[PDB]
Ligand SMILES: [Fe+3]
Ligand SMILES: [Fe+3]
């Protein structure tokens, strides 16, 4: 729990990768909400609003890197998201709204929430304020996904179980891949996992899944 030395070569190196992941994630989130507008034309003005929030998030996190004198490793970041991005693209192409929403509005928003929650107490004063701004918006995004999936659950149960089976392991893999750099940032991987699972389980509960269903799903991470 002691704060890192934000000025060290060790810290900056780790930050170059973690910062890039966040910046790429925010851009992809923008792109994803806009793409979901093609599937839900009647939601376009709300999705545009969510997409605009993501660009604000991206600008803020970009400024966090600049503030520490770090250059973001964007190639690393693009590779990091590729497996999940490919799955989102595949679902979009097939018109699989429930899967697109599970990927972006549940899994990724829960991952971000957990990351940002865990980062705040060990963040530098500039980044801390930016990150504290963003976490409220994550709940808005989660709530948007939750509401649509809740309203449509009975037509998409099976697809959501499939989407979870395929994509939850990818979040696990991402956590495994980021954990070393996150530890340099004084973030405990066990905190990241706990917060992610709590957020995701709470979203599934809101949508209408029962305890047994959620347990069977969280297990897919296997
Ligand atoms: Fe965001
Ligand atoms: Fe978001």
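In chain A, numbers come from Swiss-Prot; the residues present are 20-241, in order.
If you're wondering, the header gives X-ray crystallography, 1.7 Å.
A Cβ is built for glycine as well, from the same backbone N, Cα and C atoms used for every other residue.
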According to Swiss-Prot, 73, 76 bind Fe cation 1; so which of 45, 47, 98 is the extra one listed there?
45
Could you round the CA separation between residue 160 (Fe cation 2 binding site) and residue 73 (Fe cation 1 binding site) to a whole angstrom and send it over?
10
76, 160 as binding-site residues, winner by CB count within 10 A:
76
Around the Fe cation 2 site formed by 73, 128, 160, which additional residues qualify by having Cβ within 8 Å of the site's Cβ center?
48, 52, 69, 72, 76, 123, 124, 127, 131, 156, 157, 159, 161, 163
